[PDB]
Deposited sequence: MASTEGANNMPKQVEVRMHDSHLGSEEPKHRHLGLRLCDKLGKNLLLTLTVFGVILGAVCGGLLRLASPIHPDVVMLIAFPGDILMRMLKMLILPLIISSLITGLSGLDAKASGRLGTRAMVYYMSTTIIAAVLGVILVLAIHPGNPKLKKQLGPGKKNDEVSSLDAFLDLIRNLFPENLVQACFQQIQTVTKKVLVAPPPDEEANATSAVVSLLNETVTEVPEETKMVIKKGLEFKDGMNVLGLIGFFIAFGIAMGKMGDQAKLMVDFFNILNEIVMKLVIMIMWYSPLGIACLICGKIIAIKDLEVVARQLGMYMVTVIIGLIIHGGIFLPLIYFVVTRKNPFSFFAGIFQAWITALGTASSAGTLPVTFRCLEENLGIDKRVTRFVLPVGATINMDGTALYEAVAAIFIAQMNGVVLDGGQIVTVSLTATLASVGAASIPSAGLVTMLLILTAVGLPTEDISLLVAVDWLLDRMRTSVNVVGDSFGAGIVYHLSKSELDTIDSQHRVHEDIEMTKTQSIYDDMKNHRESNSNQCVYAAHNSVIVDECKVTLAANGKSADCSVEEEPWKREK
């Protein structure tokens, strides 16, 4: 089993080795800060090599994805599924933000903050939006350029670019081939750095354990963080998905959980939504009467773009790092977390071995220190096995809803 899947085992071996060296090394002496920096330096190299690639990955991924959208994708079954997928993810991210602001683990006006958000959606310059944001200083008011990448402005402009390119049709074939080649190259580059990763994670954990100044104060917030993620998953799935199934289809949603039970158990087992497709197919289209014209489209795209557990997890785990460093997020960074968690949950599953670049996307979208991310990797393998469960349940309810909103059209195509 050690030779199969040689990335998660090296990651947990690096986490355990780094925790052992940090726990043995803080016992010795008050360590000098320069040798602390020399210990934590390969994790800094890892964070820089991953942050180097969030700009061409956004630029290539938006233009490759949004130009491959077919409006003839079985008619209204495409649009209904897309409206479901972009609604439940937003509800999940909003619930995650509320639950991390209310549980609170890890102990200018608001109008100017919201106007700075609206100004940052529409940047004056495109090359300056790659590394600078705008903000409202005050004494009269004035506008000043702070430093940090403007994620929302680039995402907005390249959404407009991909949508305008997809309407050109076959005239813009050369540009989508160019950006497809750029996307394949940057995905191979993301694959190599994640092979380097189990050395950087170990050094980051050792540097975070050595300089913690108290040990039972971080083991309490790392417990309350798992508690708020579990409360978020339980509330989101168990309440909001049968409720959104009841007000639309008006069928009894407990027989629906009686139907998809084996898919949920297998998603808890294999901890991956992509490998759980032949179980949920045999569950849905053999136990719940869903038509094969619905599942064969809804499920293989929901296993790629419908990640509503990852949205709640990444909307909790960014404000948790904001609360550990004492930062208070204003009204303009809460909306940035809630939008970037939605855009990054779709990207965490569509890009292979990119689960660490999505967290760095949010942590540099709101301008946070990214070196506290090593305390999240030490508990991620206790949480992805339950993230996959909420993802699979959100897929199954979507395949149950899109069939009920499309009974009549399938009946007329049948007759």
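- In this chain the deposited sequence has gaps in the coordinates at 1-39, 147-161, 194-230, 507-574, listed in sequence order.
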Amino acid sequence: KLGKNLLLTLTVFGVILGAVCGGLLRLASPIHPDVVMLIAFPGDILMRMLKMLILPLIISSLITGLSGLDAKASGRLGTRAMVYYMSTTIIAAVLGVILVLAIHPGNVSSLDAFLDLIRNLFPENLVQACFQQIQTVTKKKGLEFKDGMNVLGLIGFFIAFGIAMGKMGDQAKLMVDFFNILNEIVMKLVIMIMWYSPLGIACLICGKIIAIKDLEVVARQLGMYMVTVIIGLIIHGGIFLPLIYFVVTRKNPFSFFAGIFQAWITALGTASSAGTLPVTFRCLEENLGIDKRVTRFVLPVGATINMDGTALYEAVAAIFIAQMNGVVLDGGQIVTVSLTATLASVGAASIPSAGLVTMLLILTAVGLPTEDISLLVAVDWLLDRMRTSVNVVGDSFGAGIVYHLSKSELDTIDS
From here on, numbers count along this sequence of modelled residues.
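Basically, rigid core = biggest C-alpha set you can superpose within 1.5 Å across the two forms.
- With each structure aligned by its rigid core, the stretch whose Cα atoms sit farther from this model in 4 other deposited structures of this protein, between 37-45 and 355-363, is 355-363.
- With each structure aligned by its rigid core, the stretch whose Cα atoms sit farther from this model in 4 other deposited structures of this protein, between 61-69 and 381-389, is 61-69.
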